[PDB]
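Participant: Can you read through this structure? Questions will come right after.
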Amino acid sequence: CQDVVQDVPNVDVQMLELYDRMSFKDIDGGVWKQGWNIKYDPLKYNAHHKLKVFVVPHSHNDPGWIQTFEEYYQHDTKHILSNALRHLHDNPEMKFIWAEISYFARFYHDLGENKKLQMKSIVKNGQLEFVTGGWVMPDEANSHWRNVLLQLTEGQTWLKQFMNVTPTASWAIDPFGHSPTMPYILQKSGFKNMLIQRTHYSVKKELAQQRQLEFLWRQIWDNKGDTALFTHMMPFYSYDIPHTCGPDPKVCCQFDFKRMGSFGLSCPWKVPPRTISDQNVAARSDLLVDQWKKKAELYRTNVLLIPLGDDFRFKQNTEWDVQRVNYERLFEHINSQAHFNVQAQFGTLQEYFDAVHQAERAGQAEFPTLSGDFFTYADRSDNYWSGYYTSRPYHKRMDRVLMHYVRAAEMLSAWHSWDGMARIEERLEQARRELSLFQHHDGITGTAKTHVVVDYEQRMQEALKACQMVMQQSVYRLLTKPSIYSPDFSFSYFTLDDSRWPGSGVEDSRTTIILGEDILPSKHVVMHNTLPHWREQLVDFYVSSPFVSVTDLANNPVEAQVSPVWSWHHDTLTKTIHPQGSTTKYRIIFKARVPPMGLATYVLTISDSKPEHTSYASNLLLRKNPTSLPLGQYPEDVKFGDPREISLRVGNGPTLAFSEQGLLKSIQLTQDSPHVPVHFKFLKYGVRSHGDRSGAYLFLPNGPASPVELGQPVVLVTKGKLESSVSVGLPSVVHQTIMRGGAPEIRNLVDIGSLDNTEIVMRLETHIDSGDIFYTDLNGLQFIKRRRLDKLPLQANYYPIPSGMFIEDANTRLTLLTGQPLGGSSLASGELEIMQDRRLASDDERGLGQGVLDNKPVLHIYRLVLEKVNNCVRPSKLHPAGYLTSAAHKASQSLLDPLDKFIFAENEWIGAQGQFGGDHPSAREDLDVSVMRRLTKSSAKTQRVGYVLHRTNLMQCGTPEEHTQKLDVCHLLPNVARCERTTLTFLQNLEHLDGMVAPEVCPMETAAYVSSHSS
Ligand SMILES: OC[C@@H](NC[C@H]1NC[C@H](O)[C@@H]1O)c1ccccc1
Ligand SMILES: *[C@@H]1O[C@H](CO)[C@@H](O)[C@H](O)[C@H]1NC(C)=O
Ligand SMILES: [Zn+2]
């Protein structure tokens, strides 16, 4: 195993280093506005060294943006594909590349057999080529790596089954900035090449000057280079025709033949395209070949890529003709005029890469190595695209909830083979596809029109219902005596109970467990743990009486705590935000201990009085002018007091101090230790009154944030033996700090209401001497070092926080983990900040055509981990990566993959069992079974189950933590007959494993295995 901490990789381009050196000046470079006037030596190419040009027709099809997926399919994409089939069939030398498999599968299943066969033929002969082959072209900032893999696998599994092809070249022309998580996943999925486009204009200039636009992109910690993937970065401002033929858009636009008028398009540079004829082909060729030779100067080989396309192009038959015929006339002339020393033709992306590598092998070029990322993107001036790291945060949080539900549904149902009548495969495919669709770069990014966001939300709700159905049928099968099990596959044996989604204050949708002497004495509940290690975690349920006790299925009492159900209300009468307690429902909390990838059953029983093993939280409402807060049968009266500072400690955990406004002020790790200043504060950013306006994509603040005026907020303190909390009703945010004995949990119920042109940020102020350094994660996969640069504007220093961020000095580290992707930064030493929501009245000129005024209440969740790190073995100062500690990693897992809770629906569960998975191996803490998926339906003689195993890298800080079992996923199901290592999409077998044992992976590695069972 490579050491991912102690060996700084030696690369030619390291993006953090490049950023420290770059000036980022935005000067007018001439016709290539953000470059320079390219010059080339006409004698560079000759009879023995020609420039080979591949013109690659393409059509960017967004799976929802200005219209919904289905609206675009009906209005545009079905015609593009139907006409591509006809035109490619009839013109053998014409080529076309296709990226979005969600649209291709929607089209293909509606085709008659005759056309399916014609389609398969143009794919087999190479005219139509799939690039990447994912369900969508995903966002790379907010997406979790698990969902990037899910959507890639959904598209490629469909392509293997129906087109018999697996792309090895990726095409990502539109995500707003790029992440090294892509080459990581692609290289472990059989890819050999990838292409990107949206990188900062200053980066394109810098790399173009050094001919470093093609590089071997390896991970930041990869010393050896085995993760490297050849990458081509396009050089210009856009992937449209004016910015893909060469440096001068006024010239290139004249070679977009759809812009002469009848299609309602024109050239903004004021010179229109002209139909190629024998009288102008020599002059037109001279102009075009000159653009090509200038673009070729930016690269190292004599093979040039010229994309030919734009958004939803190649629709009309007349458009196919106009582009094809004109380019055919240019090719015939250019290729026959020896003086140009060019051979040009339509080609595919793979053809381009194959020719580049043939040139490389011929010794004509060596490529530089590169590590780092390409955030935060700016396409021009100070227009940095950091706004979409936060836009539509409700759906960003929903993405993470569904991510976990899909994993849990696939894993719970994988243990058995199911009859077709159970509709398990059907519901899982629906769920995987709706979550995969949302990975689109206008889905999770929050950059689609309002009605499109509604469509994605509706699709995800249907996916959550599908997951619940699969999960509850699976739990019933796994925990019911076999000879008693009698399923009705349409019945709800259990309902899921989720405490954090949509969340208290967002939707009152949790069901209360109704117990009563005259109706039902007790109720069974079941917890599932999708992680491969034993886990204890407090769980809570709503119950109709405070006199409830808990037992495990051996009838052993389990200590529990009962607290009131508090809801916050913006009282329009008193103009205050304050809590109301239920007089009919209560919360019961207790620790559930669940096996690795297993289930544990508990029983809640009502009694007429306080149970011996159930305690009751005290409650203290701090506000001047209080009024009573009756709580029905709750046995402890609420206490009142004027606002004041307070201190709380649960268990032997940390002691937290709060201001009189209910916000954290300090954390004391242990009895002796100091009270470390850690101050939460809410501030607001505004919008510029002159110049460019912030919108769904861009963050263009009108200066540093200003504190939210808090007034005298109402603060609620609940103190219990198992769980305590401090909640406060601030303007636009009900802020809650929860303590269960370890790192606190923070929950923000964010309702920006009608505050136009406002972005609400949550900031942490500490003493930590972090300087200008902070760390943020990439797709929940790795932490990258960031350096705040005062030479760049504030918005450029905002980065995606898909799952966590931290600051540290020699001795102390503060890590904030998130349950949803949001934007954030460290704008001053000792600070961390993360945006909560943004409401913007104006459009930001990137095509969306509306502001962001459809905000809705969202419950954001976090864990806050303050730790001493002076004893940790950390990377050297020159290493570009950072790594979490065990506690921060576990805190992240508690947010992303919590225990699932099931409430038995009927009155009695006959044949109920107490546990499942007690014999499953409890793997080392840094290892996860990211995916468990049965790959075969019930009619297959040989069943196959796929596993994706991911091992992260945790810092060594002297905490032994040992004695763990080896996890061999290939023996998790009985009767294993074969075990193979496969690509991450499970589509190619890479290694036949001896003894049918799947070995564990190295830190920072991800491997996939498929076990075969004869059963
Ligand atoms: O690349 C330019 C073109 N594309 C904008 C792209 N980015 C956001 C979406 O995913 C879309 O595909 C465009 C079209 C229409 C109006 C303005 C700009
Ligand atoms: C799928 O592609 C492989 C490529 O080697 C080919 O051998 C096989 O016949 C194809 N399967 C069919 C008939 O679709
Ligand atoms: Zn797009």
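Letters A, B, ... mark the chains of the structure tokens in the order given; residue numbers begin at 1 per chain; ligand numbers begin at 1, in order shown.
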Just the strand (DSSP E) stuff from region 379-628 of chain A, please, per backbone DSSP, written as a JSON list (two decimals) with N, CA, C and O atoms, in the first residue's frame.
Facilitator:
```json
[["chain", "number", "residue", "atom", "x", "y", "z"],
["A", 494, "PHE", "N", -43.82, -2.15, 8.00],
["A", 494, "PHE", "CA", -43.14, -1.15, 8.82],
["A", 494, "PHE", "C", -43.18, 0.18, 8.11],
["A", 494, "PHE", "O", -43.27, 0.23, 6.90],
["A", 495, "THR", "N", -43.15, 1.25, 8.89],
["A", 495, "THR", "CA", -42.99, 2.55, 8.25],
["A", 495, "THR", "C", -41.67, 3.08, 8.79],
["A", 495, "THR", "O", -41.27, 2.82, 9.95],
["A", 496, "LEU", "N", -40.95, 3.78, 7.93],
["A", 496, "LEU", "CA", -39.70, 4.39, 8.33],
["A", 496, "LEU", "C", -39.97, 5.63, 9.18],
["A", 496, "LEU", "O", -40.94, 6.37, 8.95],
["A", 497, "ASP", "N", -39.14, 5.85, 10.18],
["A", 497, "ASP", "CA", -39.23, 7.04, 11.03],
["A", 497, "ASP", "C", -37.90, 7.76, 10.83],
["A", 497, "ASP", "O", -36.85, 7.18, 11.02],
["A", 512, "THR", "N", -46.65, 9.07, 15.26],
["A", 512, "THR", "CA", -46.53, 8.84, 16.68],
["A", 512, "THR", "C", -46.88, 7.38, 16.95],
["A", 512, "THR", "O", -47.83, 6.83, 16.36],
["A", 513, "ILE", "N", -46.11, 6.74, 17.82],
["A", 513, "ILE", "CA", -46.40, 5.37, 18.22],
["A", 513, "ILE", "C", -47.51, 5.55, 19.30],
["A", 513, "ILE", "O", -47.27, 6.14, 20.38],
["A", 522, "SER", "N", -47.86, -2.23, 23.61],
["A", 522, "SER", "CA", -46.47, -2.13, 23.21],
["A", 522, "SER", "C", -46.30, -2.13, 21.72],
["A", 522, "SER", "O", -47.20, -2.46, 20.99],
["A", 523, "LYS", "N", -45.09, -1.81, 21.30],
["A", 523, "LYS", "CA", -44.79, -1.70, 19.87],
["A", 523, "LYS", "C", -43.34, -2.07, 19.62],
["A", 523, "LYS", "O", -42.41, -1.62, 20.31],
["A", 524, "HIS", "N", -43.16, -2.90, 18.59],
["A", 524, "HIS", "CA", -41.81, -3.26, 18.14],
["A", 524, "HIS", "C", -41.26, -2.23, 17.15],
["A", 524, "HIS", "O", -41.98, -1.74, 16.27],
["A", 525, "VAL", "N", -39.99, -1.91, 17.34],
["A", 525, "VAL", "CA", -39.25, -1.03, 16.43],
["A", 525, "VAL", "C", -37.98, -1.77, 16.06],
["A", 525, "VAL", "O", -37.46, -2.58, 16.83],
["A", 526, "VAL", "N", -37.44, -1.48, 14.86],
["A", 526, "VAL", "CA", -36.24, -2.15, 14.37],
["A", 526, "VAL", "C", -35.29, -1.10, 13.81],
["A", 526, "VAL", "O", -35.74, -0.18, 13.09],
["A", 527, "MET", "N", -34.02, -1.23, 14.13],
["A", 527, "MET", "CA", -32.99, -0.35, 13.59],
["A", 527, "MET", "C", -32.12, -1.14, 12.63],
["A", 527, "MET", "O", -31.78, -2.28, 12.89],
["A", 528, "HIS", "N", -31.76, -0.49, 11.52],
["A", 528, "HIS", "CA", -30.81, -1.08, 10.56],
["A", 528, "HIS", "C", -29.52, -0.25, 10.54],
["A", 528, "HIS", "O", -29.54, 0.98, 10.64],
["A", 529, "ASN", "N", -28.38, -0.95, 10.45],
["A", 529, "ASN", "CA", -27.09, -0.30, 10.40],
["A", 529, "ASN", "C", -26.41, -0.68, 9.10],
["A", 529, "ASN", "O", -25.86, -1.74, 9.00],
["A", 535, "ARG", "N", -22.52, -0.71, 15.70],
["A", 535, "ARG", "CA", -22.72, 0.67, 16.02],
["A", 535, "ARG", "C", -23.75, 0.83, 17.12],
["A", 535, "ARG", "O", -24.75, 0.13, 17.16],
["A", 536, "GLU", "N", -23.44, 1.73, 18.04],
["A", 536, "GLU", "CA", -24.42, 2.12, 19.04],
["A", 536, "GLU", "C", -24.71, 3.57, 18.62],
["A", 536, "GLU", "O", -23.81, 4.27, 18.11],
["A", 537, "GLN", "N", -25.93, 4.02, 18.81],
["A", 537, "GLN", "CA", -26.30, 5.40, 18.43],
["A", 537, "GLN", "C", -27.64, 5.64, 19.13],
["A", 537, "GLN", "O", -28.47, 4.73, 19.25],
["A", 538, "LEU", "N", -27.84, 6.85, 19.64],
["A", 538, "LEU", "CA", -29.14, 7.17, 20.22],
["A", 538, "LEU", "C", -30.13, 7.28, 19.08],
["A", 538, "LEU", "O", -29.82, 7.85, 17.99],
["A", 539, "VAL", "N", -31.29, 6.73, 19.33],
["A", 539, "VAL", "CA", -32.42, 6.83, 18.39],
["A", 539, "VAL", "C", -33.62, 7.38, 19.13],
["A", 539, "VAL", "O", -33.76, 7.23, 20.35],
["A", 540, "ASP", "N", -34.49, 8.04, 18.42],
["A", 540, "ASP", "CA", -35.67, 8.59, 19.06],
["A", 540, "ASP", "C", -36.93, 8.32, 18.27],
["A", 540, "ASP", "O", -36.90, 8.19, 17.03],
["A", 541, "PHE", "N", -38.04, 8.22, 18.99],
["A", 541, "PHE", "CA", -39.35, 8.01, 18.41],
["A", 541, "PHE", "C", -40.36, 8.89, 19.12],
["A", 541, "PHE", "O", -40.14, 9.27, 20.29],
["A", 542, "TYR", "N", -41.43, 9.23, 18.42],
["A", 542, "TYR", "CA", -42.55, 9.95, 19.04],
["A", 542, "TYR", "C", -43.48, 8.89, 19.62],
["A", 542, "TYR", "O", -43.79, 7.88, 18.96],
["A", 543, "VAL", "N", -43.96, 9.13, 20.85],
["A", 543, "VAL", "CA", -44.88, 8.19, 21.52],
["A", 543, "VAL", "C", -45.99, 9.01, 22.13],
["A", 543, "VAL", "O", -45.80, 10.18, 22.45],
["A", 548, "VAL", "N", -43.12, 5.43, 29.08],
["A", 548, "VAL", "CA", -42.73, 4.34, 28.18],
["A", 548, "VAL", "C", -41.35, 3.83, 28.54],
["A", 548, "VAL", "O", -40.49, 4.61, 28.90],
["A", 549, "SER", "N", -41.17, 2.53, 28.48],
["A", 549, "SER", "CA", -39.86, 1.97, 28.75],
["A", 549, "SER", "C", -39.46, 1.11, 27.59],
["A", 549, "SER", "O", -40.30, 0.66, 26.81],
["A", 550, "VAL", "N", -38.17, 0.88, 27.47],
["A", 550, "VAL", "CA", -37.64, 0.13, 26.35],
["A", 550, "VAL", "C", -36.98, -1.16, 26.78],
["A", 550, "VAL", "O", -36.29, -1.19, 27.81],
["A", 551, "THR", "N", -37.14, -2.19, 25.96],
["A", 551, "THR", "CA", -36.48, -3.46, 26.20],
["A", 551, "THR", "C", -35.93, -3.97, 24.87],
["A", 551, "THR", "O", -36.38, -3.52, 23.83],
["A", 552, "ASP", "N", -34.91, -4.81, 24.91],
["A", 552, "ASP", "CA", -34.39, -5.45, 23.70],
["A", 552, "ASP", "C", -35.23, -6.75, 23.49],
["A", 552, "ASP", "O", -36.15, -7.02, 24.26],
["A", 557, "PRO", "N", -33.90, -4.58, 30.04],
["A", 557, "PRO", "CA", -34.26, -3.16, 30.03],
["A", 557, "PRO", "C", -33.16, -2.34, 29.37],
["A", 557, "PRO", "O", -31.97, -2.65, 29.49],
["A", 558, "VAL", "N", -33.56, -1.26, 28.69],
["A", 558, "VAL", "CA", -32.62, -0.38, 28.02],
["A", 558, "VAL", "C", -32.92, 1.02, 28.58],
["A", 558, "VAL", "O", -34.08, 1.45, 28.62],
["A", 560, "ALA", "N", -33.58, 4.76, 28.92],
["A", 560, "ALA", "CA", -34.20, 5.68, 27.98],
["A", 560, "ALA", "C", -34.41, 7.02, 28.61],
["A", 560, "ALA", "O", -34.40, 7.13, 29.85],
["A", 561, "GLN", "N", -34.62, 8.03, 27.78],
["A", 561, "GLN", "CA", -34.88, 9.40, 28.22],
["A", 561, "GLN", "C", -36.08, 9.89, 27.46],
["A", 561, "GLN", "O", -36.21, 9.64, 26.24],
["A", 562, "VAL", "N", -37.00, 10.55, 28.15],
["A", 562, "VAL", "CA", -38.15, 11.12, 27.50],
["A", 562, "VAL", "C", -38.05, 12.64, 27.60],
["A", 562, "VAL", "O", -37.62, 13.18, 28.63],
["A", 563, "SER", "N", -38.35, 13.31, 26.50],
["A", 563, "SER", "CA", -38.31, 14.77, 26.40],
["A", 563, "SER", "C", -39.57, 15.19, 25.71],
["A", 563, "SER", "O", -40.26, 14.39, 25.05],
["A", 564, "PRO", "N", -39.89, 16.46, 25.81],
["A", 564, "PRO", "CA", -41.10, 16.95, 25.15],
["A", 564, "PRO", "C", -40.87, 17.06, 23.63],
["A", 564, "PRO", "O", -39.72, 16.97, 23.15],
["A", 565, "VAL", "N", -41.96, 17.23, 22.87],
["A", 565, "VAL", "CA", -41.85, 17.50, 21.45],
["A", 565, "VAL", "C", -42.03, 19.01, 21.36],
["A", 565, "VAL", "O", -43.11, 19.54, 21.63],
["A", 566, "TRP", "N", -40.96, 19.73, 21.02],
["A", 566, "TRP", "CA", -41.00, 21.18, 20.92],
["A", 566, "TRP", "C", -41.05, 21.63, 19.47],
["A", 566, "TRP", "O", -40.28, 21.13, 18.64],
["A", 567, "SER", "N", -41.93, 22.57, 19.17],
["A", 567, "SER", "CA", -41.98, 23.13, 17.83],
["A", 567, "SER", "C", -41.88, 24.65, 17.96],
["A", 567, "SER", "O", -42.38, 25.26, 18.92],
["A", 568, "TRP", "N", -41.25, 25.28, 16.98],
["A", 568, "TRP", "CA", -41.06, 26.72, 17.04],
["A", 568, "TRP", "C", -42.04, 27.44, 16.13],
["A", 568, "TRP", "O", -42.34, 26.98, 15.05],
["A", 569, "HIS", "N", -42.52, 28.58, 16.59],
["A", 569, "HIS", "CA", -43.52, 29.30, 15.82],
["A", 569, "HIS", "C", -43.19, 30.77, 15.77],
["A", 569, "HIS", "O", -42.71, 31.33, 16.76],
["A", 570, "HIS", "N", -43.43, 31.37, 14.61],
["A", 570, "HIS", "CA", -43.20, 32.80, 14.50],
["A", 570, "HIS", "C", -44.57, 33.35, 14.81],
["A", 570, "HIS", "O", -45.46, 33.34, 13.96],
["A", 571, "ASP", "N", -44.71, 33.79, 16.05],
["A", 571, "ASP", "CA", -45.95, 34.33, 16.56],
["A", 571, "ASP", "C", -46.21, 35.72, 15.93],
["A", 571, "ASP", "O", -45.49, 36.67, 16.22],
["A", 576, "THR", "N", -42.62, 37.45, 17.95],
["A", 576, "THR", "CA", -41.48, 36.72, 18.53],
["A", 576, "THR", "C", -41.47, 35.32, 17.94],
["A", 576, "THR", "O", -42.48, 34.85, 17.41],
["A", 577, "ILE", "N", -40.32, 34.66, 18.02],
["A", 577, "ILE", "CA", -40.18, 33.28, 17.57],
["A", 577, "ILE", "C", -39.97, 32.49, 18.87],
["A", 577, "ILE", "O", -38.98, 32.67, 19.60],
["A", 578, "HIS", "N", -40.91, 31.61, 19.20],
["A", 578, "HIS", "CA", -40.80, 30.89, 20.45],
["A", 578, "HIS", "C", -41.31, 29.47, 20.35],
["A", 578, "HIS", "O", -42.04, 29.15, 19.42],
["A", 579, "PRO", "N", -40.95, 28.62, 21.31],
["A", 579, "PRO", "CA", -41.36, 27.22, 21.27],
["A", 579, "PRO", "C", -42.65, 26.88, 21.97],
["A", 579, "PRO", "O", -42.95, 27.45, 23.03],
["A", 580, "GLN", "N", -43.38, 25.94, 21.37],
["A", 580, "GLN", "CA", -44.62, 25.41, 21.92],
["A", 580, "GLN", "C", -44.38, 23.92, 22.13],
["A", 580, "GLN", "O", -43.79, 23.27, 21.27],
["A", 581, "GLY", "N", -44.81, 23.40, 23.27],
["A", 581, "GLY", "CA", -44.61, 21.98, 23.54],
["A", 581, "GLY", "C", -45.90, 21.20, 23.31],
["A", 581, "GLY", "O", -47.01, 21.71, 23.54],
["A", 582, "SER", "N", -45.77, 19.96, 22.85],
["A", 582, "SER", "CA", -46.95, 19.14, 22.65],
["A", 582, "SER", "C", -47.50, 18.65, 23.97],
["A", 582, "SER", "O", -46.75, 18.36, 24.90],
["A", 583, "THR", "N", -48.82, 18.55, 24.07],
["A", 583, "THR", "CA", -49.39, 18.02, 25.31],
["A", 583, "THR", "C", -49.90, 16.58, 25.04],
["A", 583, "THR", "O", -50.48, 15.96, 25.94],
["A", 584, "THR", "N", -49.65, 16.08, 23.83],
["A", 584, "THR", "CA", -50.10, 14.75, 23.42],
["A", 584, "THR", "C", -49.06, 13.77, 22.86],
["A", 584, "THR", "O", -49.34, 12.57, 22.75],
["A", 585, "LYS", "N", -47.88, 14.27, 22.49],
["A", 585, "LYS", "CA", -46.81, 13.44, 21.91],
["A", 585, "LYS", "C", -45.55, 13.77, 22.68],
["A", 585, "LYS", "O", -45.36, 14.92, 23.08],
["A", 586, "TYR", "N", -44.66, 12.80, 22.81],
["A", 586, "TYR", "CA", -43.41, 12.97, 23.53],
["A", 586, "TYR", "C", -42.32, 12.25, 22.78],
["A", 586, "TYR", "O", -42.61, 11.37, 21.97],
["A", 587, "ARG", "N", -41.07, 12.60, 23.05],
["A", 587, "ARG", "CA", -39.98, 11.92, 22.38],
["A", 587, "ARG", "C", -39.32, 10.93, 23.32],
["A", 587, "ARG", "O", -38.99, 11.31, 24.44],
["A", 588, "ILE", "N", -39.13, 9.67, 22.91],
["A", 588, "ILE", "CA", -38.37, 8.75, 23.74],
["A", 588, "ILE", "C", -37.07, 8.48, 23.00],
["A", 588, "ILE", "O", -37.06, 8.24, 21.79],
["A", 589, "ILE", "N", -35.97, 8.50, 23.74],
["A", 589, "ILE", "CA", -34.63, 8.35, 23.21],
["A", 589, "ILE", "C", -33.90, 7.22, 23.91],
["A", 589, "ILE", "O", -33.98, 7.12, 25.13],
["A", 590, "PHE", "N", -33.15, 6.39, 23.19],
["A", 590, "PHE", "CA", -32.41, 5.32, 23.85],
["A", 590, "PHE", "C", -31.30, 4.88, 22.92],
["A", 590, "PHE", "O", -31.35, 5.15, 21.72],
["A", 591, "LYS", "N", -30.31, 4.19, 23.46],
["A", 591, "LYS", "CA", -29.23, 3.74, 22.63],
["A", 591, "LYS", "C", -29.55, 2.40, 21.96],
["A", 591, "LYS", "O", -29.89, 1.42, 22.63],
["A", 592, "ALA", "N", -29.45, 2.36, 20.62],
["A", 592, "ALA", "CA", -29.65, 1.10, 19.92],
["A", 592, "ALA", "C", -28.27, 0.54, 19.52],
["A", 592, "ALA", "O", -27.38, 1.29, 19.11],
["A", 593, "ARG", "N", -28.07, -0.75, 19.75],
["A", 593, "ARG", "CA", -26.81, -1.40, 19.40],
["A", 593, "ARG", "C", -27.17, -2.35, 18.27],
["A", 593, "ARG", "O", -27.98, -3.26, 18.43],
["A", 594, "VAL", "N", -26.55, -2.11, 17.12],
["A", 594, "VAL", "CA", -26.92, -2.83, 15.89],
["A", 594, "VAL", "C", -25.72, -3.48, 15.24],
["A", 594, "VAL", "O", -24.68, -2.86, 15.12],
["A", 598, "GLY", "N", -26.52, -4.89, 9.74],
["A", 598, "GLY", "CA", -27.54, -5.71, 10.37],
["A", 598, "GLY", "C", -28.74, -4.99, 10.94],
["A", 598, "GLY", "O", -28.94, -3.79, 10.69],
["A", 599, "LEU", "N", -29.52, -5.73, 11.73],
["A", 599, "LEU", "CA", -30.78, -5.24, 12.30],
["A", 599, "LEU", "C", -30.90, -5.61, 13.75],
["A", 599, "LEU", "O", -30.42, -6.69, 14.18],
["A", 600, "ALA", "N", -31.55, -4.74, 14.52],
["A", 600, "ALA", "CA", -31.76, -5.01, 15.95],
["A", 600, "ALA", "C", -33.17, -4.57, 16.28],
["A", 600, "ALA", "O", -33.62, -3.49, 15.89],
["A", 601, "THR", "N", -33.86, -5.40, 17.05],
["A", 601, "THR", "CA", -35.26, -5.14, 17.43],
["A", 601, "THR", "C", -35.41, -4.73, 18.88],
["A", 601, "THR", "O", -34.77, -5.33, 19.77],
["A", 602, "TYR", "N", -36.25, -3.73, 19.11],
["A", 602, "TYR", "CA", -36.56, -3.26, 20.46],
["A", 602, "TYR", "C", -38.05, -3.16, 20.64],
["A", 602, "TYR", "O", -38.83, -3.19, 19.69],
["A", 603, "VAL", "N", -38.48, -3.09, 21.91],
["A", 603, "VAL", "CA", -39.90, -3.00, 22.22],
["A", 603, "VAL", "C", -40.16, -1.79, 23.14],
["A", 603, "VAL", "O", -39.41, -1.58, 24.09],
["A", 604, "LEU", "N", -41.16, -1.00, 22.82],
["A", 604, "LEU", "CA", -41.56, 0.16, 23.64],
["A", 604, "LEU", "C", -42.87, -0.24, 24.30],
["A", 604, "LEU", "O", -43.81, -0.67, 23.60],
["A", 605, "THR", "N", -42.92, -0.11, 25.64],
["A", 605, "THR", "CA", -44.10, -0.56, 26.39],
["A", 605, "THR", "C", -44.59, 0.57, 27.29],
["A", 605, "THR", "O", -43.81, 1.25, 27.97],
["A", 606, "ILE", "N", -45.91, 0.75, 27.31],
["A", 606, "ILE", "CA", -46.46, 1.82, 28.15],
["A", 606, "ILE", "C", -46.74, 1.31, 29.56],
["A", 606, "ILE", "O", -46.94, 0.11, 29.77],
["A", 614, "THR", "N", -36.50, 4.74, 32.66],
["A", 614, "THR", "CA", -36.74, 5.91, 31.84],
["A", 614, "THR", "C", -36.64, 7.16, 32.71],
["A", 614, "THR", "O", -37.25, 7.23, 33.79],
["A", 615, "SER", "N", -35.81, 8.10, 32.26],
["A", 615, "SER", "CA", -35.61, 9.38, 32.93],
["A", 615, "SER", "C", -36.29, 10.46, 32.10],
["A", 615, "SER", "O", -36.65, 10.22, 30.95],
["A", 616, "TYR", "N", -36.46, 11.64, 32.66],
["A", 616, "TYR", "CA", -37.13, 12.75, 32.00],
["A", 616, "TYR", "C", -36.29, 14.00, 32.00],
["A", 616, "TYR", "O", -35.74, 14.39, 33.02],
["A", 618, "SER", "N", -35.12, 17.89, 31.91],
["A", 618, "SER", "CA", -35.64, 19.13, 32.46],
["A", 618, "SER", "C", -35.69, 20.10, 31.27],
["A", 618, "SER", "O", -34.98, 19.93, 30.27],
["A", 619, "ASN", "N", -36.48, 21.17, 31.38],
["A", 619, "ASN", "CA", -36.60, 22.16, 30.31],
["A", 619, "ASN", "C", -36.61, 23.54, 30.90],
["A", 619, "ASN", "O", -37.35, 23.79, 31.88],
["A", 620, "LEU", "N", -35.82, 24.43, 30.32],
["A", 620, "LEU", "CA", -35.67, 25.80, 30.82],
["A", 620, "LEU", "C", -35.83, 26.77, 29.65],
["A", 620, "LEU", "O", -35.07, 26.72, 28.68],
["A", 621, "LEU", "N", -36.84, 27.62, 29.71],
["A", 621, "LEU", "CA", -37.12, 28.62, 28.69],
["A", 621, "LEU", "C", -36.57, 29.96, 29.16],
["A", 621, "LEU", "O", -36.96, 30.46, 30.21],
["A", 622, "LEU", "N", -35.63, 30.52, 28.41],
["A", 622, "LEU", "CA", -35.01, 31.76, 28.77],
["A", 622, "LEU", "C", -35.52, 32.88, 27.89],
["A", 622, "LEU", "O", -35.29, 32.91, 26.66]]
```
Participant: Would you pick out the contacts of region 664-675 of chain A at 12 Å or less, using only C-alpha atoms, so that residues sharing its chain but fewer than 5 positions from it are not included, and give the list as a PyMOL selection string?
Facilitator: chain A and resi 645-659+680-682+725-728+735-739+741-746+763-767+812+814+864-868
Participant: Could you give me, as number ranges by chain, the residues within 8 Å of residue 1010 (chain A), counting only C-alpha atoms and dropping anything in the same chain fewer than 6 positions from it?
Facilitator: A: 944-947, 970, 979-982, 986
Participant: Would you mind listing the residues within 6 Å of ligand 1, counting only C-alpha atoms and all ligand atoms, as an MDAnalysis selection string?
Facilitator: chainID A and resid 62 174 238 311 441:442 846:847
Participant: Write as a list in words the residues around ligand 2, taking 8 Å as the cut-off and counting only C-alpha atoms and all ligand atoms.
Facilitator: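 The residues within 8 Å of ligand 2, counting only C-alpha atoms and all ligand atoms, are residues 163, 164 and 165 of chain A.
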Participant: Would you give me, as JSON lines, each residue of region 356-422 of chain A having an atom within 12 Å of an atom of region 206-211 of chain A, along with its shortest atom pair and that distance in Å to one decimal, using only C-alpha atoms and sorting by chain and residue number?
Facilitator:
```
{"residue": "A:365", "atom": "CA", "partner": "A:211", "partner_atom": "CA", "distance": 10.7}
{"residue": "A:366", "atom": "CA", "partner": "A:211", "partner_atom": "CA", "distance": 10.7}
{"residue": "A:367", "atom": "CA", "partner": "A:211", "partner_atom": "CA", "distance": 9.0}
{"residue": "A:368", "atom": "CA", "partner": "A:211", "partner_atom": "CA", "distance": 9.0}
{"residue": "A:370", "atom": "CA", "partner": "A:207", "partner_atom": "CA", "distance": 10.9}
```
